[PDB]
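K.L.:
Heads up: the sequence shown begins at 1 in the authors' numbering, then just goes up one per residue.
Just passing along the structure, written as structure tokens.
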Amino acid sequence: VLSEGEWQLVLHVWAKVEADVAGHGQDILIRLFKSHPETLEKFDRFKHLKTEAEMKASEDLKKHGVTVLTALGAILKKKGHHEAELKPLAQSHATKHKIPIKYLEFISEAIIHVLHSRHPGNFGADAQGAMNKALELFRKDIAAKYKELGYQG
Ligand code: HEM
Ligand SMILES: [Cl-]
Numbered sequence: 001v002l003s004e005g006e007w008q009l010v011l012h013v014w015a016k017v018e019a020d021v022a023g024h025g026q027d028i029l030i031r032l033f034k035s036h037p038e039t040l041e042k043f044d045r046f047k048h049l050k051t052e053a054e055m056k057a058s059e060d061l062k063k064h065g066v067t068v069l070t071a072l073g074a075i076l077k078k079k080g081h082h083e084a085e086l087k088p089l090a091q092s093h094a095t096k097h098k099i100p101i102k103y104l105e106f107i108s109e110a111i112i113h114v115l116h117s118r119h120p121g122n123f124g125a126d127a128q129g130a131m132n133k134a135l136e137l138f139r140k141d142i143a144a145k146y147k148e149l150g151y152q153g
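What follows is the structure, encoded as structure tokens:
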């Protein structure tokens, strides 16, 4: 369970993300695909992209990044009260997309890397600690939902 103080560090850096969601979504998805190329294979819509340049030029990938970060933003703004938001996300990711928890760990790493790179004014050690705790909470609750849904994750 995060403290209010931890949530405020989380929401303070997220406020900067929100200056340019699309840009942050591109950086995060590209970082994920570069660091863990197996994750790209889960995306039938994107798995043809061969290079970072093709990824940067992909209008569709940018749209998807906005969709992803906006969903995560809405979860973070619930400050742990995210049962309603997690139900559809867990169901699609377990049953349609088949995304293991390991891959959620990978995108968590990508989010942290990008925030660390772009936002050193709002992402020092304590802020990164808080964001890690929020993402761990997200993954813990998603894992529990996966198990309820019948997906071992
Ligand atoms: C913070 C973690 C994540 C969030 C908030 C997130 C959010 C979303 C959202 C909102 C959608 C659109 C609606 C839906 O199908 O549920 C989506 C689609 C999808 N997600 Fe995620 N996602 C996350 C992590 C991942 C990861 C790590 C992968 C793969 C390694 C993944 C693979 C997909 C795929 C394949 C789709 C369908 C894309 C398409 O063809 O339209 N997700 N995700
Ligand atoms: Cl800090």
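Note that the Cβ used here is the ideal one computed from N, Cα and C, for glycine as well.
According to DSSP, is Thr51 part of a helix, a strand, or is it coil?
P.N.:
Note: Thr51 maps to coil in three-state DSSP.
K.L.:
Is any heavy atom of ligand 1 found at a distance shorter than 7 Å from the C-beta of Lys78?
P.N.:
For ligand 1, not one heavy atom lies less than 7 Å from the Cβ of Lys78.
K.L.:
Count the other CB atoms, across all protein chains shown, that sit within 10 Å of the CB of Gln8; report buried if there are 16 or more and exposed otherwise.
P.N.:
With fewer than 16 Cβ atoms within 10 Å of its Cβ, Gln8 is classed as exposed.
K.L.:
Looking only at C-alpha atoms, which of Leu40, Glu148 and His12 sits nearest to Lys87?
P.N.:
That would be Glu148, whose Cα lies nearest to the Cα of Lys87.
K.L.:
Can you find a heavy atom of ligand 1 that lies under 7 Å from the Cβ of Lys50?
P.N.:
No - ligand 1 has no heavy atom lying nearer than 7 Å to the Cβ of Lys50.
K.L.:
According to DSSP, is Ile99 part of a helix, a strand, or is it coil?
P.N.:
Three-state result, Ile99: coil.
K.L.:
For the alpha helix (DSSP H) holding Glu83, just list the boundary residues, first then last.
P.N.:
Its alpha helix (DSSP H) spans residues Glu83 to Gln91.
K.L.:
Just how far apart, CA to CA, sit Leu11 and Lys77?
P.N.:
Distance between the alpha carbons of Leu11 and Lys77 is about 7 Å.
K.L.:
So, is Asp60 buried or exposed, given that buried needs 16 or more other C-beta atoms within 10 angstroms?
P.N.:
Its Cβ having fewer than 16 others within 10 Å, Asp60 is exposed.
K.L.:
May I ask which residues mark the beginning and end of the alpha helix (DSSP H) holding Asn122?
P.N.:
Element bounds for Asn122: n/a, residue is neither H nor E.
K.L.:
Between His113 and the rest of its own chain, which residues show a CB-CB distance below 6 Å, the 5 nearest in sequence each way excluded?
P.N.:
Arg31, listed in sequence order.
K.L.:
If you run the structure through DSSP and keep just helix, strand and coil, what is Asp20?
P.N.:
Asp20: helix per DSSP, three-state reduction.
K.L.:
Alpha helix (DSSP H) containing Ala74: first to last residue?
P.N.:
Start and end: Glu59 to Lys77.
K.L.:
Going straight from the alpha carbon of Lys96 to that of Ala84, what length do you get?
P.N.:
So the alpha carbons of these two residues sit roughly 19 Å apart.
K.L.:
Cβ-heavy atom distance between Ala125 and ligand 2 below 7 Å?
P.N.:
Checking the Cβ of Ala125 against ligand 2 gives yes.
K.L.:
What's the gap between the Cα of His24 and the Cα of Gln152?
P.N.:
Cα to Cα, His24 sits roughly 30 Å from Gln152.
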